[PDB]
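Just one chain follows, in the form deposited in one PDB entry, and it is written as structure tokens.
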């Protein structure tokens, strides 16, 4: 977290690539290497109790060294603005890639498998992602799949025990919801007011995947979406799930999904 270096000099800020947590995010250029980066700019005068959450997310990202976690390159403070520099992933989010139409089960399994590799990494490091969902899964222009936007230490992807106040198995529930989101376009209860969903997730039976999907995909979802966390499999075990093994293919095939999105 460098305090003398000037980030206007080190980076060229390009177009906004969305609003993230706590500030605007820009495509940018590292002027020394010409590599494309993602730049989040947070106004610290506009942040109340958020500054502690920002620092905690920086710390966690700095401790991750995995091809399945968006890389953190550093941060800078210029007058009142914190610049956070991260790996730029040109494929967009998995949520973005749902827009042209439905994924097939090969694409779903490939994305889930790469998410599981990230979760296996994090849980083996004694970390919890805490916000697994399609919008937080970023793809490189080559089809590599990475996790982003860790949750701080909207309810639709939250495990019931998280809502009732848990461990890494909460990520497995969120993965199940993400599986449904990748199959259907949106999570269970997405039509409902969030405050309704807050009491439905604890109260109701767990969601199931409805529609003409393979039984292994439906069983993948069911295994993740058990109200009892100890009954959920680990990420390691789910990497061997028949749905994953029978359907996932090379990640480079996902470039066809990325091109379809830039139709």
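Rigid core (definition): largest C-alpha set, two forms, superposition within 1.5 Å. Numbering follows the first chain given and starts at 1.
In at least a third of the other PDB entries of this protein that model the residues around it, residue 47 has no coordinates.
Where residue 153 is followed by residue 154 in the displayed chain, the model omits 10 or more of the deposited residues that sit between the two. Unmodelled residues of the deposited sequence between neighbouring positions residue 165 and residue 166 number 1 to 3. Just going by the entry, 192-200 versus 217-225 on mean CA temperature factor gives the higher value to 192-200.
The question of which stretch, 178-186 or 68-76, has the higher mean Cα B factor is settled in favour of 68-76. In this PDB entry, residue 105 carries a Cα temperature factor that places it within the lowest third of its chain's modelled residues. Per the PDB record, residue ranking by Cα B-factor puts residue 22 in the highest third of the chain. Looking at the C-alpha B-factors along this chain, the one for residue 129 belongs to the lowest third. When the modelled residues of the chain are ordered by C-alpha B-factor, residue 41 sits in the middle third.
Among the modelled residues of the chain, residue 142 sits in the middle third by CA temperature factor in this PDB entry.
Missing here is the form deposited in another entry; even so, the following discussion is about that form.
Residue shifts between this form and the one not shown, rigid core superposed: of 63, 208, 31, 230, the only C-alpha displaced by 2 Å or more belongs to 31. Relative to the superposed core, residue 22 undergoes a Cα shift of 2 Å or more between this form and the one not shown. Once the rigid core is overlaid between this form and the one not shown, residue 47 counts among the residues whose Cα shifts by 2 Å or more.
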